[PDB]
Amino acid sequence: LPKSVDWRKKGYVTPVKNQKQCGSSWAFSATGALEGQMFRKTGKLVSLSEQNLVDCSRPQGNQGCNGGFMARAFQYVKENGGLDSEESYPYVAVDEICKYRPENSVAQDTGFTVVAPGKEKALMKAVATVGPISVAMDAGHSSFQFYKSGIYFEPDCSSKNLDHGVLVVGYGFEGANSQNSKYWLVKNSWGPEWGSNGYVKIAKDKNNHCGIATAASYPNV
């Protein structure tokens, strides 16, 4: 397994998006993993529609702007046989009527792969060999809100009670000792302006910090 990975440097990640005031981080995380998988398969990077997901996956268990889950989203992409691009189905940040139009589909998944819960090495492994991995984390902390740079480590973080889905686009370390001060390169959906260009480095191999490895998964394309 490599010492560091950064899928953004390989063209698998779209520019940072903003979920605004709507609880769809789970949709952002889902579209991130999908955009990366579709890229690996076709060599084309296409921004996917989170709005598609907000409005149409209530049957799979999602709740549009009030929460949802990444695997439930992959689940919907599969039952539905498709997912529209952002350009054809724009994000408006509010629960609206499902207007999925298959002529505008640009992605597909036949299911998904899960990572054993709490297993950071399984996660590192999925990251290194597949591409960006959708993950859930506990982001209920002011320190996260105000995060600007470096490795984020918050003592009151939970590894069990999560409220936010993000995307692990890679991992690495700080310094020269590959085995220490490691972090997960995480893509957020609070705009380019939050954190470090919209990303956050989160303590790695520090007991499943903030639950990043608790319920990770990626779509099968």
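Quick note: we count residues from 1 along the sequence shown, nothing fancier.
*Asks:* Which is higher in the entry, the mean Cα B factor of 200 to 208 or that of 14 to 22?
*Replies:* Higher mean C-alpha B-factor: 200 to 208.
*Asks:* Comparing 183 to 191 with 46 to 54, where is the mean C-alpha B-factor higher?
*Replies:* Comparing averages over the C-alpha atoms only gives 46 to 54.
*Asks:* If you compare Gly131, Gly150, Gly118, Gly82, which has the highest Cα B-factor in the entry?
*Replies:* Each of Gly131, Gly150, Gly118, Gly82 was compared by C-alpha B-factor; the highest is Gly82.
*Asks:* Looking at the temperature factor on the CA atom of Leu1, which third of the chain's modelled residues does it land in?
*Replies:* Top third by C-alpha B-factor.
*Asks:* Determine, from the deposited record, the chain-internal third of the Cα B-factor for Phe144: lowest, middle or highest.
*Replies:* Answer is middle: the recorded C-alpha B-factor places it there.
*Asks:* Taking the C-alpha B-factors as the PDB entry records them, is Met38 in the lowest, middle or highest third of its chain?
*Replies:* Middle third - that is where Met38 ends up once the chain's C-alpha B-factors are sorted.
*Asks:* Could you say whether, by C-alpha temperature factor, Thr31 belongs to the lowest, middle or highest third of its chain?
*Replies:* Lowest third - that is where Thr31 ends up once the chain's C-alpha B-factors are sorted.
*Asks:* Going by the recorded CA B-factors, say which third of the chain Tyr91 sits in, lowest, middle or highest.
*Replies:* Within its chain, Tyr91 is a lowest-third residue by C-alpha B-factor, going by the deposited values.
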